[PDB]
Structures are given as C-alpha cells and as structure tokens.
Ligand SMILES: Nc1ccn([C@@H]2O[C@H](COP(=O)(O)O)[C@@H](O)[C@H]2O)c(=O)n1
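Starting off, we have a lone chain in the form solved without the named molecule, written out as structure tokens.
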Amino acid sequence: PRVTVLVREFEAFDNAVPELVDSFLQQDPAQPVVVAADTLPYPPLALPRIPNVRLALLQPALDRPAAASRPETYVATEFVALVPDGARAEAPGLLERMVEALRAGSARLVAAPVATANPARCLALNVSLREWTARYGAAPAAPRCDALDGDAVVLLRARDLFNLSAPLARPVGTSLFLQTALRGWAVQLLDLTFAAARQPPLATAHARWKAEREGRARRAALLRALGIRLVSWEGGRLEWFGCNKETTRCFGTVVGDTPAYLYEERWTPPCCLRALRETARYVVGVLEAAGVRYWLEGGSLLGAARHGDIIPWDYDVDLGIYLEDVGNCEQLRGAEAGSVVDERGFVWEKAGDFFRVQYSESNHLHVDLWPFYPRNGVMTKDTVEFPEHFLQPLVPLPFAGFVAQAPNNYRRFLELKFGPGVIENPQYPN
C-alpha cells in the first residue's frame, strides 16, 4: 500500500509546505513526496534533500527534456494523495485507511477533509461544455458527491489522475472535479480528518488578501483556458468569465454565417447571449421611448415562440420596424449621417437597408433593425414580404427577460417565413 504525497496548492510567498513534508516523514522516513510547482519557489522551500522527496517543476525549460515537466514521471506508486498546504500528518496510517476505503467503495476518488477553517464540503457538479457552463449545487447523495469545496486530501489511482488532460492545473480544487465529474466519476467524502498545520500559512490579513487575489486570478485563467465562461450555483449566484462591455466578443468575425463556436461543437457562449439580451432590452426601450413601432423578426421571433429566449446557438437579434417611424428616435437619425455612440455606450450604424446597434465600441454583438413600409396591405423592403394584418395588432410575447412585441398569430407568421413545424423541430447544429 504505497502512496505518494503530491503537493500542488501553496503560495511561494507564504506556505507551510516544510511542515507538511516533515510531518509525513515523521510517520515514514522513506515516504515518497512530490512537491509540484510551475517555477522554482522563492524564498526557498528548503525541503529535505533526500531521494524520496522531490521537487517537480512543470514549466518548459531550455535545459530539460520533455519528461522533466510530466508529473507521472515523478510518481511510481499505485496511488497518489493530493495534500493542500495547511495540512499535516499526525496519526499514522491515514493514507492506508484511505486506500482501503477506495478499494472497498465504488467511487474512483476518496477524500478526507483537513481541519482548517474551511474543511471540504460535498457538492453536486453538472458540466456542459456545449454551453460553456458549470453548475454547482448541494449534493443529494452525500457523502458521495461530484466535487468538493474546501480543504481535503484527495486520494486516487495514479493511472486515473495522470491520464486526465490537466491533472495539476491550478486551482486543483476547481480543475480536478471539473474533469472527473465530466467523466462521471464520484468522490467519496470519508469520515477521516487530517489535522491542520501547527503553524498555519497566511496568518495575517494582508497575506490572506494577497493569496485570495492570486487564487481568483488563477481560477479565472483556468476557466477561460478550459472553456467555462459561466459558473452558476443553486440559489442563483452567477460567476462570469467571458466577454463584457469593455472587451471583444468571444468569437470575433463570422465567415459564411457560421461562427467559430459551431465548429468547436459548442453553442453560443453565455456571456455573448447575456450581452445580446441586454442590447435587445436596451434597444427596445429606446424604440418604445421614441414611439417607434417594432416587432420581433427572424430567429428572434422564432426563439421567443419556442422558449421565450434567444436560440442558444444564434449570435444576433432581429427586429422589424416601421420605416415611417425612423425619424422619431434620435439615434437612428444620427445613424443616417454616421456612426453614433450614445450616452450608454451603444453604437448605432446604418451601413444600406437596415440599422445595426452594437453592444459597445469593442463588443460587436448587435441587434439589426429592419424597416418595412406598407405599400398596399403588404409590408415590403427594397433590397421576403408579408401581409400587414400580421401587425394589426401586435401581441405581447416574452423574450430575453422582458415582454417584447410580436406579430399577431405569430406561429402562423413563423411558418410562412420558415416552413411548417419550425417551432417544434429546431435545426440543431451538428
């Protein structure tokens, strides 16, 4: 029952890694221990310079072979125990007990909380790469759970850990369970408890603030690298890691009306959909304030009728307007002369049948406004047409978080523009 202790989560400026290692060596002087780091930690860890204690540096180096940064190269045992900074080994044979529980149980990961101020708690975790979203909540089948929040020693087989794509990506507490829950693996939170370091790290408030700031930065870089734009929680809390008003939109310029995310087998990033909803809400409010007649058109109306929201793989919003009302709103009249950035940061342009309103100068998620005019009972443009009675009157229809205006009998409207059964038969990307 040989188990390698692997230490990955610690701060170079303030840690208790020397105590952690010394505590395990007191139980077994030949205990295999691997401390992993991206760069050489300074101030020096001053680990014992003995063969069974090794420092694994995970970044590329001009003077090292490929194997030097591959962590499975440092681990020869069957099992590996991820130990966070702040833990120490007090009683003996706790790793042995964790191995017995693993072999006895049915979960590929077992875990023992560390008696810190934040001991690990069970969590449910639901990962959707298609929607760039990870959803956390309370674990129904605790102590069997999908993920952990807080400090714990996690033990699993080395073949399972090191076949993951990013086994030691920081923060491990986020990166590991995103990967294991995606594979359908479970973590069993055992009744065992590891003691806290007798001289804990981050004792001052300034040190904790510094470490929390670095940790938030690593977590944001981790999720952006792995394609999680949104972390949502049971209870409603949202964590965003995508585009915003001051950034580019996530996918950039589209070619052949097929954005980049479709080729990646994903749908629209949720940050982009959120920006489209807020631009739709804003533009609708401006048009209504100015007394401009608008209705939902195209895929926006289709999504409204289907689920009251933007079709989750679409990337813009379409609205029809009465051409004779264009002069009622200041932004459209200005858009005739040139680009208009109003006081809320939205960009109105004509560019030349329709109008386009972009979320901001940097974020080019947009709503298109298509003017129509009644020639003799039929609404028509100049660069397909439909009868005007579909607009007399307009009906309230929920869309993107607010009540929009839609053509009356819009299911019939949508089936003239798209064909029979379009609401019930979404054209899923493949």
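Rigid core: the largest C-alpha set superposing within 1.5 Å between the two forms. Numbering starts at 1 and runs along the sequence shown.
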* Structure fact -> When the rigid core is fixed in 7 other deposited structures of this protein, C-alphas move more for 87-95 or 286-294; answer is 286-294
* What stretch shows more C-alpha movement in 7 other deposited structures of this protein relative to this form, 410-418 or 21-29, after the core is superposed? -> 410-418
* To do: For the stretch from residue 376 to residue 377, please bin the deposited residues that the model skips: none, 1 to 3, 4 to 9, or 10 or more.
  => none
* Just how many deposited residues go unmodelled from residue 351 to residue 352: none, 1 to 3, 4 to 9, or 10 or more? -> 1 to 3
* Which of 17-25 and 413-421 has higher mean CA B factor, as the PDB entry lists it -> 413-421
* Comparing 388-396 with 29-37, the one whose average Cα B-factor in the PDB entry is higher -> 388-396
* Out of 152, 211, 286, 197, which one has a C-alpha B factor higher than all the others in the entry? -> 286
* Asked: Out of 111, 138, 181, 301, which shows the largest CA B-factor listed in the entry?
  -> 138
* Structure fact -> On the chain's distribution of Cα B-factors, residue 131 falls within the third called middle
* To do: Just say lowest, middle or highest third for the CA B-factor of residue 74 relative to the other modelled residues in its chain.
  => lowest
* To do: Taking the chain's C-alpha temperature factors as the reference, tell me which third residue 370 falls into: lowest, middle or highest.
  => highest
* Comparing against every modelled residue in the chain, figure out the third that the C-alpha B-factor of residue 358 lands in (lowest, middle or highest). => middle
* Asked: Which third, lowest, middle or highest, does the CA B-factor of residue 227 fall in along this chain?
  -> lowest
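If you look for the form solved in complex with the named molecule, you will not find it shown, but the lines that follow are about it.
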* Structure fact -> Of the candidate stretches 217-225, 284-292, 174-182, 306-314, the one with residues having heavy atoms within 4.5 Å of the named molecule in the deposited complex is 306-314
* Decide whether residue 239 counts as a contact residue for the named molecule in the deposited complex under a heavy atom distance cut-off of 4.5 Å. => no
* Asked: Can any non-hydrogen atom of residue 302 be found within 4.5 angstroms of the named molecule in the deposited complex?
  -> yes
* **residue 298 within 4.5 Å of the named molecule in the deposited complex, heavy atoms** => yes
* Asked: Taking the shortest heavy atom distance, is residue 418 within 4.5 Å of the named molecule in the deposited complex?
  -> yes
* Structure fact -> Note: exactly one of 149, 90, 318, 325 sits with a heavy atom within 4.5 Å of the named molecule in the deposited complex, namely 318
* Asked: Taking the named molecule in the deposited complex, which residues of 411-425 have any heavy atom within 4.5 Å of it?
  -> 418, 422, 425
